[PDB]
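# Reading the structure
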Amino acid sequence: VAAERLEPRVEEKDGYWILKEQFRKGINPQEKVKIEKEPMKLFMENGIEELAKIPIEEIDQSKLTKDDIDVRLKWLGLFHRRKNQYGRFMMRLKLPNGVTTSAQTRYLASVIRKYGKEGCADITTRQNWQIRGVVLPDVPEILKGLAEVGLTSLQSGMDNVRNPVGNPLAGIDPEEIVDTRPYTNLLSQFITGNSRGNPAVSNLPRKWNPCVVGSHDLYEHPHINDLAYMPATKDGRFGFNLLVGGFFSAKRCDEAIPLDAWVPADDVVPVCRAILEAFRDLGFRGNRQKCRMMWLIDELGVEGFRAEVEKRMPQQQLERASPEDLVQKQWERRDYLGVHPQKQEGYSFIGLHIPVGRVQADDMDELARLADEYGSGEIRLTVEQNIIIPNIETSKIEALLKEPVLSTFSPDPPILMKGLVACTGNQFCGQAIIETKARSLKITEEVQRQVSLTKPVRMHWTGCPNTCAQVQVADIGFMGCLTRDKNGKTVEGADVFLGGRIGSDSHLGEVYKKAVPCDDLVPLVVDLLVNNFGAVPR
Ligand code: SRM
Ligand code: SF4
Ligand SMILES: O=N[O-]
Ligand SMILES: [Cl-]
Ligand SMILES: [Cl-]
Ligand SMILES: [K+]
């Protein structure tokens, strides 16, 4: 790699970070959008106030404002559903470590309730909330309402640092390695500039996913993050070994690799900043399919990239990885659904199944009520799109289990439902090839009617090759496609994936059988379960 390749390609100008004049040749259309107008200005200079007053039909008549609503608004966590729910916006939060309060949950419910049949909410595969139905004129008030209840939606889409994932059992599991909440909280504060916006990290070449590990179970999926902090003691000091570059895309899926770096626990934010600065400064900005950070690591080599991180650290110090980390490889991933004792004597948590992560306003209010009556007003989200209510006095569990709402959001659903994960799909998502959430529930129910099993088989349904529902981590994955029935008629289908493993012995699954009509999946899946996962026909 020539020295010229290492010249930073962006510069700070008037509070924002912009591509230098000599580094604009050959850039992709998204990079052009960012040059034409700085997206962060919609929040930080309150550009949203006037934009929100323009009728959407008028907005669509000019490129600048159309790009404002379809692209730039994703820096404020607002996602126009142009194709599938025209004029409505999904809104996505920052929710480090998946932690919400009952007051926040009620606020979110109040927002979606206004929109009737156009509103609902979802738990995401980054243990985050999305709300739906939002209309542009309401955006300024919703931004204010979120701030009032201690939430932000900043920098949650597009070329930004995505939700910091942690251990859903942080602070409460007798078996945790280290409480991840202080670290994911710090990361979210850093990323969003304490909810004011942080332009230094909002002009990346592409999205970037961080997680902090605190569980032997590896609930945080460090192998598929751009930056994963693996807890490790080095020379008698507590800190983290760093994995970099994990990502999924249509073109390529890659597991994170060691940076060969250990940082003291107090250097979590400094090293996040250094890595982001290197990626921002040096990453390719052409073909969008080659802009994730791993492509930079391959271009420079991991050592070349490491040197760029090192030079951006305070005092330019970046130790080599600890020979060992704290994660025990002898481990069986633990079910968190149901009632479990906490490390605090006399307290339990309860994991509740949320079918395909989908809730309505009334459901959110009920869950918030349970959290107040039984817990400490806290609701935790998981990356399997379920919930945990922590801090419940154990003597209250008997009463809790009789609550009517637990017949719907169950502490002990059938085993295949426990492991079922599904993305948005074509109900709302414009890129989706198939419907996912309703279909996946239907198929899973039919499969479980036919077979019993004891292995915790994890089934993931994703609507297109973007693989937001991570089919490559599944025991059985389903990637949406269009295919043909016996008569040559167009039908919805799935490419079926096998081989995904999670935890310490992780492995990326691969296509097993392409183009299976969705109406033909049940027998295929039943047989796979009997033949490979010990399932028994009923
Ligand atoms: C909601 C969520 C799936 C879910 O049902 O849980 C989701 C939904 C969308 N993803 Fe995703 N992604 C979700 C997690 C992911 C993950 C999984 C993860 O983070 O572990 C991946 C694969 C891992 C990765 O990125 O490395 C993922 C890879 C994509 C990609 C492909 C990335 C790439 O490099 O090519 C796109 C398209 C893009 O960004 O260019 C994308 C694009 C989208 C958009 C924003 C596209 C769009 O605007 O319509 C989807 C919004 C649909 C909607 O209305 O909900 N989504 N997406 C997840 C929100 C996470 C969050 O709270 O921030
Ligand atoms: S995998 Fe495809 S269909 Fe599913 S939410 Fe992501 S972009 Fe939409
Ligand atoms: O929002 N999925 O990158
Ligand atoms: Cl996006
Ligand atoms: Cl769309
Ligand atoms: K779920």
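Residues numbered from 1 in each chain as written, not as in the entry; some residues may be left out. Chains lettered and ligands numbered in written order. Heavy atoms only, no water.

Per the deposited record, the coordinates in this entry were obtained by X-ray crystallography to a resolution of 1.6000 Å.

### What to know about the coordination of the potassium ion (ligand 6)
Note the cut-off: Donor atoms (N, O, S) are those found within 2.8 Å of the metal centre, with the cutoff raised to 3.2 Å for Na, K and Ca; water is not part of the atom list, so apparent gaps in a site can occur. Type-normalised accessible area, obtained with a 1.4 Å probe on protein chains alone, sets the label of each residue: buried when under 20%, exposed when over 50%, and partly exposed for intermediate values.
Every protein donor of the potassium ion (ligand 6) is listed here as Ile354 (O), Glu384 (O), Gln385 (O) and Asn386 (OD1), and their distances to the metal cover 2.7 to 2.9 Å. Of note, the potassium ion (ligand 6) draws all its donor residues from one chain, in the sequence arrangement I-x29-E-Q-N. Exposure remark for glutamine 385: the relative accessible area of 3% places this residue in the buried category.

### Examining the coordination of the iron atom of ligand 1
Worth spelling out the cut-off: Every angle between 85 and 135 degrees makes a four-donor site tetrahedral, while opposite donors more than 155 degrees apart, with all other angles between 65 and 115, make a four-donor site square planar and a six-donor site octahedral; other sites are irregular. Helix and strand assignments follow DSSP, with helices taken as H or I runs no shorter than four residues and strands as E runs no shorter than two, numbered in order from the N terminus.
Just one protein atom coordinates the iron atom of ligand 1, and that atom is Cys468 (SG), at 2.4 Å. Every donor counted, the six donor atoms about the iron atom of ligand 1 form angles of 85 to 179° at the centre, which fits octahedral coordination. Here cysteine 468 is to be found in the loop between β19 (459-462) and β20 (476-484).

### Considering the nonpolar core
Operational definition: Nonpolar cores are built from buried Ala, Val, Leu, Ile, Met, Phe, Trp, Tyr and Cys residues. Side-chain atoms within 4.5 Å join them into one set. Residue ranges for the domains originate in an automatic or database domain assignment. The criterion used for residue contact is that any of the two residues' heavy atoms lie within 4.5 Å.
One finds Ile48, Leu73, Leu108, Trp129, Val134, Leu136 and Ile387 to be the most contacted residues of the largest nonpolar core, which totals 58 residues. Element by element, the count of residues in this core is highest for helix α12 (residues 361-374), at six residues. For this core, the two domains that each supply at least three residues are domain 1 (1-149 + 336-413) and domain 2 (150-335). Filtering out sequence-adjacent residues up to four positions away, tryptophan 129 remains in contact with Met91, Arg92, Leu93, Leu95, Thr100, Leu108, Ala121, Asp122, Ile123, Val359, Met364 and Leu381. By size, the runner-up hydrophobic cluster in this structure holds 40 residues, among which are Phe190, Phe240, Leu259 and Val309.

### Notes on the pattern of salt bridges
Once the charged atoms of two side chains with opposite charge are near each other, the side chains can pair. Stated precisely, the cut-off is as follows: Should a side-chain nitrogen of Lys or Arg be within 4 Å of a carboxyl oxygen of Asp or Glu, the pair is scored as a salt bridge.
If you walk through the whole model with that rule in mind, you get 50 salt bridges. Residue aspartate 159 is joined to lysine 34 by a salt bridge in which the shortest nitrogen-to-oxygen separation is 2.8 Å. Here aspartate 159, found in the loop between α7 (139-148) and α8 (181-192), pairs with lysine 34, found in helix α1 (residues 29-36); they are 125 residues apart in sequence, far enough to count as distant. Accessibility expressed as a relative area gives 7% for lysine 34, which makes it buried. Within this structure, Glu31, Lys34, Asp159, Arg285 and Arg288 form a network of salt bridges that share partners.

### As for the UniProt feature "binding site: [4Fe-4S] cluster" (unreviewed entry) in the protein chain
Our working rule: UniProt positions are given in the numbering used here, feature names are shortened, and annotations may be inferred rather than shown by experiment.
The sites that UniProt annotates as "binding site: [4Fe-4S] cluster" (unreviewed entry) are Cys423, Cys429, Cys464 and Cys468. Look at the named residues: they lie 46 residues apart in sequence, but the longest C-alpha span between them is just 11.3 Å, so in the fold they bunch up. Positionally, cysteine 423 belongs in the loop between β17 (421-422) and α15 (437-450). Residue placement: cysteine 429 occurs in the loop between β17 and α15. Classification of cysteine 429 by relative accessible area gives partly exposed; the value is 21%.

### So, empty space enclosed by the protein
Empty space among the atoms becomes apparent when a probe as large as a water molecule is rolled across them. Under the convention used in this document: A 1.4 Å probe that fits but cannot get out identifies a cavity on a 1 Å grid over protein atoms alone, an open set with protein on both sides within 12 Å along at least five of seven lines counts as a pocket, and a residue lines either if it has an atom within 4 Å of a point. Grid points are joined across faces, edges and corners, and a volume is the space filled by probe spheres set on the points. Amino acid classes used here: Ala, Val, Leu, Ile, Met, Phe, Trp, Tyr, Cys and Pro are nonpolar; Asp, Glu, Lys and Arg are charged; the rest, including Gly, are polar.
Using the criterion set out here, one finds three cavities of 30 Å³ or more in the structure. Each pocket or cavity is described by its volume, and for the largest cavity that value is around 50 Å³. In terms of lining residues, the largest cavity is bounded by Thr125, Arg126, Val165, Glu220, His221, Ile224, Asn225, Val383 and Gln470. Taken together, the residues of the lining of the largest cavity break down into three nonpolar, four polar and two charged.

### Some points on the environment of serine 156
The following threshold applies: Here a polar contact means two N or O atoms within 3.5 Å. Within protein one must be a hydrogen donor candidate and the other an acceptor candidate, and residues neighboring in sequence count only if both atoms are side-chain atoms.
By the element assignment, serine 156 lies in the loop between α7 and α8. Accessibility expressed as a relative area gives 2% for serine 156, which makes it buried. Along the primary structure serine 156 and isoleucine 59 are separated by 97 residues, whereas in three dimensions their C-alpha atoms are 23 Å apart. Non-local contacts of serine 156, meaning those with residues more than four positions away in its chain, are made with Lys74, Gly77, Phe79, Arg92, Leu93, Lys94 and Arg162. Here the side chain of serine 156 touches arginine 92 through a polar contact of 2.9 Å, landing on its backbone oxygen.

### Here we look at the site of ligand 1
Basically, it comes down to this: Near is defined per residue: the residue qualifies when any heavy atom it owns lies within 4 Å of the molecule or strand.
The immediate surroundings of ligand 1 are formed by 29 residues, with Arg81, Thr124, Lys207, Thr424 and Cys468 found nearest. Contact distances for ligand 1 include 2.7 Å between an oxygen atom and a side-chain N or O atom of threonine 124. Within the side chain of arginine 292, an N or O atom sits 2.8 Å from an oxygen atom of ligand 1. Elements that contribute at least two residues to the shell around ligand 1 include exactly β4 (89-92) and β7 (129-134). Of the residues belonging to the shell around ligand 1, the class tally is nine nonpolar, 12 polar and eight charged.

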